[PDB]
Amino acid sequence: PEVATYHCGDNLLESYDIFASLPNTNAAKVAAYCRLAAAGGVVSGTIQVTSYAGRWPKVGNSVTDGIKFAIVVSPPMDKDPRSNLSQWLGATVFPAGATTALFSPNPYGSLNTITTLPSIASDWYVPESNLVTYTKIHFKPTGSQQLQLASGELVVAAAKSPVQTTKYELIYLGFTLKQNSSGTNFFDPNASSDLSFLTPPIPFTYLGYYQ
């Protein structure tokens, strides 16, 4: 197809289905929506993610450490179900029947630049310094006023997991949200459970499959 699209998650961002991996063998559920558009072998899209303190583990200091978490967008999960590391409920491809391969990072591009994720499909956070390669986007998230969120960074990395049955590449999306020094600790067990962060749809571009 000339233009193909892919989407997954909840565009209303009220259903907290999506498994995010967090630093130091932690995890949290988020709500997230990803939309991708592939044309000519190049893919641009967006990712948007929200979550609230009630869902988050109570270790570290968010003000000094950042609010850090990752999700995996897994185009080949329709043929490679164990690739679904973030436990998306489903994904939609237009035109119907178009190959999800259009949305995997390019096979030639990914050779020697891909990150192999830790096996445990419930502990695959990879710190930016350990990602093999990435593209970095700068944005500003919003959230509860006492969090004093100032800025964020998204890294976009080609990835695979040994749990997979195919060679199709996945998309690792690592987030770091940064607060001003006056912000409250999102990780404090006494923090209000309803404190939340919410990103805009953050854009990215990558090379996909094509002939």
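The first residue of the shown sequence is 1; numbering continues from there.
As the entry records it, the average C-alpha temperature factor is higher for 114 to 122, out of 114 to 122 and 98 to 106. For the pair 182 to 190 and 147 to 155, the mean Cα B-factor is higher in 182 to 190. Per the deposited coordinates, the residue with the largest Cα temperature factor out of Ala32, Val163, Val43, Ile67 is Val163. Looking at the C-alpha B-factors along this chain, the one for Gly60 belongs to the middle third. Residue-level temperature factors show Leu198 in the middle third of its chain, judged at the C-alpha atom.
Sorting the modelled residues of the chain by their CA temperature factor places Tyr6 in the middle third. Annotation for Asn84: C-alpha temperature factor in the middle third relative to the rest of the modelled chain, per the entry. Annotation for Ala20: CA B-factor lies in the lowest third of the chain's modelled residues.
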